[PDB]
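Questions regarding the structure given below will be posed in turn.
All chains are identified by letter, namely A, B, C, D, E, F, G, H and I, in their written order; residue positions are counted from 1 within each chain.
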């Protein structure tokens, strides 16, 4: 009947690769670069907007950094609309865990479930994968500041600093050079902005094409998503403007 | 199979199955046109009975949807009766749920929306028909609303459908450009039926016998279809200028 | 067994000049047996305060639920929910269970971060919104609270005064109810700050 | 492009549904079968090829009844015909259960039509491989109908389908000339046997068995019955005479 | 509760009292029992208070969407059909007893609905516990062809009869007037005959009267 | 409630009282218990107002759809749809309906459907709490093939008696006349029919 | 009315639970441990309707054990008691609700604080210094209200508990065949074997 | 045939249903089996097939009620499915109506069951042929079932490989065996002869011959093994 | 006889492209031009009512559509897709917001909700993406005025101004020149008419142009009085006359 038009989206290549996962990764590699760097006292999220016009409003725009929770945030690389689906199920799961145990969800358990969902679209149901990769920046009362990455396959791994989207072999090579285990938050901020300015497919790096967020240490943890002006400021302070 | 077989986009951005569906609307080689009087609505459609073995009374493409709505179909009879039943149902349900009679335009919109669906869901083919709805609406006055396999619908000063659609439309355009109004300013529906048969003849370049036509009239009170004998009466008058 | 008369307790909220106050007893019992004197019945989600009386397991659940809902609300709207809105959220949440309802009687109280207007409201167990401008009572001592409120209350009390009045209202009502008492807590709420005082009362 | 005739609900670029047209081919390869409408009823007749003298005579009946007043006959894939008839029986029961009156013949036509049209809507089914002639007497006349795999159907004065359809149609068009003032139930039975015999010459290869049924307000009280016994032989005779 | 509806020569008016009661305790001295279903279709509810506003909002919500779909002004008969079929589906367990009125492109209309889903037509209606006191007034003064000013007064006097003579009603009079050509005018507390006399004393307390055990500031900013 | 339907030479007439009670309070004193399901097919409602209204509304739907497809329905067909709904739903309905209609072949026909869902075709039928008091009178006064004026008078006197003895019946007397001429409505007020 | 008692001293939490099981007229068992270990530093005791009591317990057990292995981590006592309350609160509106009450005592190896939790079959949850379920509170709360100090040693707690048990033996109609006592502290769960 | 034979939901451009035709090919590879009837009895003869010298002989005949049974040629599983459905209908008729299921009516039900699996995607036609015999209120009956759905009443016939031999023979012997009334041993003898015209390099043995009979006062009985010696 | 298409009709190609989304965009590009402009005290959205027969009655078809009393939508691409999205959008603003909070949704959230519906046509079984882009403009109390664009992929972004459809590149460039952050509403209406003027070829008047504004509240359009705090509606479609009246001042 209809079996003629089924592109089998959950099948193996003769080499044991997952066609749609690999192709989905190809999709993601043309997405604005996003970087995550974990300092000894904080975490930094920075990513690049590929969508930019004079008339685009940036005060009211979000495209890459999303708040999951008071203590967890994600940098998105890929189909932003696929990302929002995945975000809300995650935003909910976090609230379900809070309701059940009266504790905030530990960072890995949320990342594990979100990757568990992705993995599913990989093995059954005949749907296409989510064209999305996530950098998770979170803090919890057991492992502290944490940095994770997940992709369309549903695999996740933890990082001292990592990049997703466009030009990651370039950016990842730069992060390997200048990253030190003992960095503070403001170092990582500069390592982050200075890596993007060297890998941008654009002319120069301006505030109107960045999103930026830092989670750092009163005895609790604040989560800050910079406004256009705050980014412009940080860009001069480090001398890129 | 191709983007040619099911209702999915081609790289041009086209739904070939909607286009080929349109082609099937002419597969009957029958034309129809509808005009508005002061307080009535008339539709005319050709009647071609080529088989001496057929019962001419059962060969019709004009349907009585409700007490107030008439519908004339351009296209193959099976899809046309399929559409006709569904509308008769939708109109009865509307009355039960909402307590007044379903307006001509609303039914058109409702059938157009159903058409849209077969345009997007892959397992249903479009229907190869174009639906011409006529009523004297209790709020809007005389009304003509049309639907096609693309899910399009709109209302018309007057309209025509079929293989010589273009000549009939351009014919009727000119007459309204000369008269400077959007309707036949005639208080008898019999005269409006004559106008219709007349300007029909003039554009097809063919004379009609009482068995070549099929006529439906919509008044405030009801929608009725003419008999071969009521038609012969009209033609006689046309023959006397 | 009337589920409203198992655990007991009361909540009351009223309005003054550019302020609102909301208070509650601390008792939780099982029928005659006093079980806890630390069962607070007033919660907050951002700058919106919510007290609940009734079956204690439902009080807990409704609090856990409105946290869950208001949390998601802040994430999606990027503002904190306002008292007017939240009242609608409580109302529809209650009625969603019209035929198996939570045995609770909520009181909402807060000041609108934008308009500045003080706001209070109460509901029945299935969502009907009583939005009085003066005072709202709830619990096993509502009748007493209605008599205390209808006299002790005048409009526009200053926070320091609103405190005295609401406190005397709560305390004296609970002292005529076998199911309320064992402590009390009063929230006085201004646009900028919120003070919480524990009152001293009979322990019997 | 090419490819447009492998799934069912597919429009070809010239607006056709080839799978329905291919279904007609199965119909055309079927036995010839006809219907004649008369002054107060309908007659049905069909050709039963005697594949082999091993078939029991009289005993592989092809005309089916629906309710008590409707007759159905078809040409093509026989098991599809039974299916459609089964559906017709259900559809006639539903109508009577709610409305009490037995289903009027045109209302029954649309029940069948709508269902058959339904099987041209999806590539998860194939069209019906039968054209079906049916009819009966209702609260205001006799009605004869024919229904194609497309779901198309119209009311007829007389109808034919199958291998011998062209002889039948030609012979039926003749019938509307001599005897135009009206055709009586009894003459229509006789004429039916003639036409089946004449139409059989495009299948002269095998011997065959005639089967006629009728539904006459005056001769059956409006109920559908089989022409058997003596009246049957008289019509078989009338066929032999008029063919020689 | 006491609610009424009264037809006049070119419209329809509905009125209601303002008392809501749990058993014998007044829970709201100024409930608002008149509901908007569409701009020109208002509806007065008696019975289970949550059930009236729940059911009037559901139909109202749906009526709004129906209005946008058909590009037409909503009709009272459509509220009436949608309400009654809903109440009927629930076999009486939704204790809504409603008087629905409004003007639409077909005229002015006055209906009532009972919790089990039966409906009435009339020129004057009352529902609620004060049903009978109001109707005594209505049956004693209604005439065909009232004027907007007569009809408002008749409707308002009928609610009064309930307020005074029914313990289940009621503090003030809410009225809403739907004239054919015009907007609906909704007169909240059109009549307030029950102002509390000034109390004999102020019970403002000396500051410090209340014995406090602990004190602390609460944090709101995250 | 008192409702009846009577066939006569020219067709059929339905008549009813106008009183619906909640307890002993007259909730509505001019209710219209004669309900239209099709051009010349009407019914008389008795039992649950909610239930009977819901049934009539649904029958009217089924007959409108029928008409769309198969033309005018017979009075018998309308009685079948009522009977179907009422029998299949007997455990949740308190509905007693009289179905009355006209065509040219049969002129007037009357079908009564009491609690339970049976159907009974009769020359006339009575029903409603007040019917019990006029079984004797109607049986002694009905005649087949009366005139319109005779029939209205028969119905008028019968119901007046029902209304007189039954506290549940009263108000005005409504009739609907279904003949080949069309649909006539009649009303009679107390100051008239009480003096009868 | 089994005996479920609990007291939270300064360095530990102590659970005492009646040893008797009576089916109607005979005492079937006198050595019943109305306790399940939810994890190395969290212990739950229970009393209520038959079968429901252990089924619920073992279900909560296997659930906490599953969490422990999956996260290689031991849930806090607060969180276990929250998972348990949620489970009971679901049951209470289900078809057949669990008829079970529980005390939960655990040592929070992260806060280095003991904790005691009382939750009824309705999902009513409270944190207490001492608690009981059923009728046991009626005799013992007056003793505990009096002698209880937040800084008591485990040994002081045991003594205070012994008093409660003797008051229960004096004034309570049922022979509950004594209690089993268990302590939960920084080092886990041990069972006091000599309680005379 | 090339592009139009991947399922039962595709017509050929000439009107054929290859999936059904390929199903018939399965019958042709099945072993021969014969049925014939007089006015008083109806008989089945089947040639059972073995795999090795070491294997059994695949059974070919299945009783459906006391008055009805069949023989199979083709995919033996599908006969199980179809014969089991036939047992259910025979049984329904008995229980609900206290009525033995007419052979004619079993035939109708079979046709309809099979036709479902020529309009259904994801299904397949039945790959087996069935000869059905029985004695009902209208006498002896023999039916032939084809996976197309076509069920036919005959005096005799044969299906399976080389079946033409017996089929041809029955066409000659027709007028003779119709008349074999009140003598069942003589109708079986007739059948055993008919089936012989389809052997090639094999003769009927006790191990491969299988015979069923039914008729007036003779409930459907199956003879195998030593019981069939009588007839060789 | 059932939706046996349980599998996605939109899949990744080896190049990483989601073919069917791209093609949907193609269809949007063919669509008639539409545009929206944000001012300091209002927003404006306009498109061309290019009838497909002079016998069609252009007014019987609104390409500008009220979503809530404070939100309007216009589009470019396949109308029939847009139409069922306006229906779905109006319902969601009730079911997922009004019936829950007693308020209408704020612009960003409703845009988000429509976005979700389109995302799903990009991944669910047996369906094609939508063949439209939407420009939605509206006003809520805590965000003020706003303008968002929604694409067949499900992505949205907020604009000061933009245009979609046929003459988008021309009109986008035209808008970047004439737009400032101090425009009053009447000013943007002007710039709106001018940008549309370039993209339009036949007649250009108030019967061939559709144009609506999100601005001040029109209590004259409320339908009822007596509730002083019910303001609205901020959406308003311009009349045929109001368009011509401003066309002379062109």
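We adopt the following convention: a contact is a pair of C-beta atoms (placed from the backbone, for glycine too) under 8 Å apart; a residue touches a chain by one contact, two chains touch by 3 or more.
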item: Farthest chain relative to subunit D (centres taken as mean CA coordinates); value: G
item: Central chain (by mean CA position); value: I
item: Subunit D and subunit E, separation of their C-alpha mean positions in angstrom; value: 66
item: Separation of mean Cα positions, subunit G and subunit F [Å, integer]; value: 72
item: Cα-centroid distance, subunit B relative to subunit D, in whole angstrom; value: 32
item: Centroid spacing, where centroids are CA-atom means, of subunit A and subunit C in whole angstrom; value: 42
item: Interface hub residues of subunit I, defined as touching at least two other chains; value: 2, 4-5, 9, 87, 99, 112, 126
item: Residue list for subunit D, restricted to those that touch at least two other chains; value: 6-7, 106, 110, 118, 122-125
item: Where subunit A touches two or more other chains, by residue; value: 1-2, 4-5, 99, 102
item: Subunit G-touching residues of subunit C, taken from the complex the two chains share; value: 7, 28, 30, 33, 35-36, 38-39, 55-57, 60-61, 100
item: Subunit B residues within the subunit F interface of the complex; value: 64-67, 85, 88-89, 91-93, 95-96
item: Residue ranges of subunit B touching subunit I (in the complex, touch as defined); value: 6-14, 105, 109, 112-113, 115-117, 119-123, 145, 150-152, 154-159, 169, 172-173, 176, 182
item: Subunit C-facing residues of subunit G, complex; value: 85, 88-89, 92-93, 118, 120, 122-128, 131, 137-138, 141
item: List of subunit D residues in touch with subunit F within their complex; value: 97-101, 104, 106-107, 110
